[PDB]
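To start, the structure itself, in structure tokens.
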Amino acid sequence: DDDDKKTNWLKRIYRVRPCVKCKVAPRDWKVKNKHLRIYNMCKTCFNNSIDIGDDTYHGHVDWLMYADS
Ligand SMILES: Nc1ncnc2c1ncn2[C@@H]1O[C@H](COP(=O)(O)OP(=O)(O)O)[C@@H](O)[C@H]1O
Ligand SMILES: [Zn+2]
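Residues in the sequence shown are numbered consecutively from 5, following the authors' numbering.
The following block contains the structure:
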């Protein structure tokens with residue numbers, strides 16, 4: 005099933021690249037219609053970047069959740 009190929013790639017992608025800032029915690033994420041948005045930072049590091057005034061690591065990558073667009 006091609007949808008499983010997509011899903012298993014998304015689980016692997018999420019697992020193997022932790023927060024870009026602390027490099028330990030998993031990334032924050034949300035569902036955005038038929039896309040998974042994986043933010044660059046965990047929530048703790050994101051909130052913190054707002055307090056310190058750093059937008060260097062702000063950003064995300066959207067992923068189609070299905071095999072067929
Ligand atoms: N956990 C996070 N790590 C890094 N950047 C983030 C995080 N959460 C939000 N951002 C950034 O904050 C902005 C707002 O994102 P979001 O609420 O997804 O956008 P919208 O709903 O305006 O389309 C985007 O620049 C996003 O990349
Ligand atoms: Zn972090």
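Each residue gets a CB set at the ideal place from its N, CA and C atoms; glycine is no exception.
Taking only the alpha-carbon atoms, compute the straight-line gap between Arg-41 and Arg-31 and give it to the nearest angstrom. 10 Å
Less than 7 Å between the beta carbons of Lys-25 and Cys-49, yes or no? It is a contact, given that the beta carbons lie within the stated cut-off.
Between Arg-21 and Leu-14, what straight-line distance do the alpha-carbon atoms span, to the nearest angstrom? 11 Å
Got a sec, what are the start and stop residues for the beta strand (DSSP E) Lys-36 sits in? 33-36
Beta-ladder partner(s) of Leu-68, from DSSP: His-39
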